[PDB]
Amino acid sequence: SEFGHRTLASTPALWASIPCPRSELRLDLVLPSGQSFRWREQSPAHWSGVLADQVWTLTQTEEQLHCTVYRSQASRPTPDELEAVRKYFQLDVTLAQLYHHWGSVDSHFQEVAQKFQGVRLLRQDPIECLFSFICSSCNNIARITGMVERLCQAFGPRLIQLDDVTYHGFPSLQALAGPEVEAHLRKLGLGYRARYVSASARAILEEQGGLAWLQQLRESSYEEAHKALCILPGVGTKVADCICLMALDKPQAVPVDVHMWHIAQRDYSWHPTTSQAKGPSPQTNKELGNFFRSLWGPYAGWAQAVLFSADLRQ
């Protein structure tokens, strides 16, 4: 059929594949796990969302990652568009190598990794990542998802429509910095987070040097990148880490939230050393991130995703 979301079975000639075994990527463990909030399983095993300014539907078989694009006459994805998918999932990074190493230095990781293979990090756009996580504050994944959709719908450019779903690109800095955005966001239910979206959009354009200032962080060290991000309204130590990890290519970045605290205590019997507090505080949270970095290495953040993801499965 020419309408609605496509499936591999119904529109054979419109899909193209990318060699990728399920052991290197599990869509169902990556896409709805709190990394990106813009993918939906409209059909069983078929996920749709915006990727590289276009709408896609992705699905996998044991050895392949099938992709289709909705842009002109309908056709299969081209080799270059397909490369956009490979980059988004950072497919050049071998997950089997990472799991092996983490499992070698951490017996607990080894036991948990057995059942949760294919958990990796998406290479996300900084703007979308910054504002999506500004909205994650004291929030759950299902709600965050709603807020983000409503936000893109009201301020993001309109893409194509499939069935009754109209896809929108993520809002630009200029749009989010506009007049009365906060009030509009409050009517959309963002709460106090509405204030931060508006404020950070303006801070970036009117005080930090614009988009270029954000994008240049990819070349800066984790230390430098993380410090700059905390300048923004609504961005604390955690939000900044999420952004460094998921959008600025800092794999050693470890976001410390309540989930990670429960994991550290239960599975590692961890307790703060150099810090005062017995529980969560800026000093203890910083120490915990260091604990995981020294345990897992340069890609501690990715290791964190494997457990964090396998933890949400409870």
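The numbering used is simple: start at 1 and walk along the sequence shown.
Going from residue 71 to residue 72, the model skips 1 to 3 deposited residues, which lack coordinates. Note on 206-214 vs 125-133: mean CA B-factor is higher in 206-214.
Per-stretch averaging of Cα B factors for 72-80 and 98-106 places 72-80 on top.
Across 172, 140, 90, 166, the greatest Cα temperature factor reported in the deposited entry is at 140.
Ranked by Cα temperature factor within the chain, residue 285 sits in the highest third according to the deposited record. Remark: residue 238 belongs to the middle third of its chain, ranked by C-alpha B-factor as recorded. Among all modelled residues in this chain, the alpha-carbon of residue 298 has a temperature factor (C-alpha) in the middle third. Per the deposited record, the Cα B-factor of residue 117 falls in the middle third when ranked against the other modelled residues of its chain.
Remark: residue 252 belongs to the middle third of its chain, ranked by C-alpha B-factor as recorded.
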